[PDB]
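Residue numbers (the entry's author numbering), protein chains in the order written: chain B, 1 to 74; chain C, 292 to 340; chain A, 1 to 147.
We put the beta carbon where it would ideally sit given N, CA and C, even for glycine.
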Amino acid sequence: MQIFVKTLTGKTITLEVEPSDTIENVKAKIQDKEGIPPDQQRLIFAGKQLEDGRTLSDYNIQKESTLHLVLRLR
Amino acid sequence: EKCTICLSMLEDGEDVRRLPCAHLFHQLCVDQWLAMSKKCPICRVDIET
Amino acid sequence: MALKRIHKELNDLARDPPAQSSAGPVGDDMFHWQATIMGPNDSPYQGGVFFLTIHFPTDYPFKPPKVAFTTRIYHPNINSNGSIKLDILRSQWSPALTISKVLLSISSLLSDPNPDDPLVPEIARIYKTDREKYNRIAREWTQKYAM
Ligand SMILES: [Zn+2]
Ligand SMILES: [Zn+2]
């Protein structure tokens, strides 16, 4: 399953994922693709910040859903 | 041409309304609005002026 | 009706999602959404995610959605409670307007406040009389509440 992660830049990075993937995993895929440390990734989808523990499916992320990546700069 | 109120297309064979300002809507769509307001949903020009 | 229109909007958000904001159903009830607004740039909110509740009334789009911040924010037009004094959400509502346009105009509000019609007088005086105090406090609030 392919999803889109939109950054503030506007750049849309694409990810191969499975609904069962943790947000943890997705952040790890984002790190793998674009080099960002997962601790400085906030993922948003449909007004919700995505919690690490939880999964793509139980945020209802589907094929071609677009997440938003904002960075925390901690 | 898309009705800005219902976001469905303005098809041939539908009851449509062009306001004096030249903006098109489904009649049934805009009539609900013109009930509560005499202003064009798109440009806000008053339909009586 | 409302539901069709809400679904169309949502379908359009998926097809072509805005950067700078995100929105959708809190659960399966389509009439209650959440949205995020990224603090507009060239503005003291930059870097903050601001969470909003959107409640669509039963006769949307003919009545505006109730839109509130849940992130606390320093702004002349948002109080604590996160009520928003923005024209299009009251007198200048139009059924031509979408939630994304609402969201834009709230971002627009964040960029350019209306201190002359302020929901929070305190903050309006400061916005005008001392801008850099206003920015400083807004930036501080951002970092405390939106980051
Ligand atoms: Zn219509
Ligand atoms: Zn018009």
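Item checked: Near-chain A residues of the segment 298-313 of chain C (beta-carbon distance less than 9 angstroms), N- to C-terminal order -> Within the segment 298-313 of chain C, the qualifying residues are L298, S299.
Item checked: N-terminal and C-terminal residue of the alpha helix (DSSP H) that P44 (chain A) is part of -> Counting along the chain, no alpha helix (DSSP H) covers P44 (chain A), and no H or E run does either.
Next item on the list: Alpha carbon to alpha carbon, how far is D306 (chain C) from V49 (chain A)? Give it in angstroms, no decimals.
Entry: 44 angstroms
Item checked: Residues bridged to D337 (chain C) [DSSP beta-bridge criterion] -> C:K330
Margin query: Would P44 (chain A) and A124 (chain A) qualify as a contact pair, given that the criterion is a beta-carbon distance under 8 angstroms?
Written below: no
Check: Is the Cβ of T71 (chain A) closer than 8 angstroms to any Cβ of chain B?
Finding: No, because no Cβ of chain B sits closer than 8 angstroms to the Cβ of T71 (chain A).
Notebook entry, point to check: Is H317 (chain C) near ligand 1, with its Cβ less than 7 angstroms from a heavy atom?
Noted result: yes
Check: Relative to ligand 2, what is the chain-ordered list of residues with a Cβ closer than 6 angstroms to any of its non-hydrogen atoms?
Finding: C:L310, C:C312, C:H314, C:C331, C:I333, C:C334, C:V336
Margin query: Could you check whether the Cβ of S328 (chain C) sits closer than 7 angstroms to any heavy atom belonging to ligand 1?
Written below: no
Note to self: Going residue by residue through the segment 24-112 of chain A, where are the continuous alpha helix (DSSP H) segments of at least 4 residues, counting only ones entirely within it?
What the structure shows: If we require 4 residues or more, the alpha helix (DSSP H) runs fully inside the segment 24-112 of chain A come out as 99-111.
Item checked: is_contact[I30 (chain B), chain A] using C-beta, thresh 8 angstroms -> no
Note to self: Just to confirm before moving on: does the CB-CB distance between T53 (chain A) and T36 (chain A) stay below 8 angstroms?
What the structure shows: No, Cβ-Cβ distance for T53 (chain A) and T36 (chain A) is not below 8 angstroms.
Notebook entry, point to check: Taking three-plus beta-carbon pairs below 8 angstroms as touching, is the segment 13-22 of chain B in contact with the segment 19-31 of chain A?
Noted result: no
Next item on the list: Would you list the one or two residues that DSSP bridges to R15 (chain A)?
Entry: None, per the DSSP bridge assignment.
Checklist line | Close-in-space but distant-in-sequence residues of the same chain around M1 (chain A) (CB under 7 angstroms, 5 per side omitted) | finding: none
Notebook entry, point to check: Closer than 8 angstroms, CB to CB, is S22 (chain A) near chain B or not?
Noted result: yes
Notebook entry, point to check: What are the boundary residues of the alpha helix (DSSP H) that includes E24 (chain B)?
Noted result: 23-34
Check: Taking the alpha-carbon positions, what's the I61 (chain B) to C312 (chain C) distance?
Finding: 42 angstroms
Margin query: So that I know if they touch, is there some Cβ in chain C lying closer than 8 angstroms to that of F62 (chain A)?
Written below: yes
Note to self: If I follow the unbroken alpha helix (DSSP H) through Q143 (chain A), where does it start and stop?
What the structure shows: 131-145
Note to self: Please report the straight-line C-alpha distance between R309 (chain C) and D322 (chain C), rounded to a whole angstrom.
What the structure shows: Those two C-alpha atoms are separated by around 12 angstroms.
Margin query: At the level of alpha carbons, what is the spacing between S22 (chain A) and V120 (chain A)?
Written below: 26 angstroms
Next item on the list: Return the bridge partner residues of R42 (chain B) from the DSSP annotation.
Entry: B:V70
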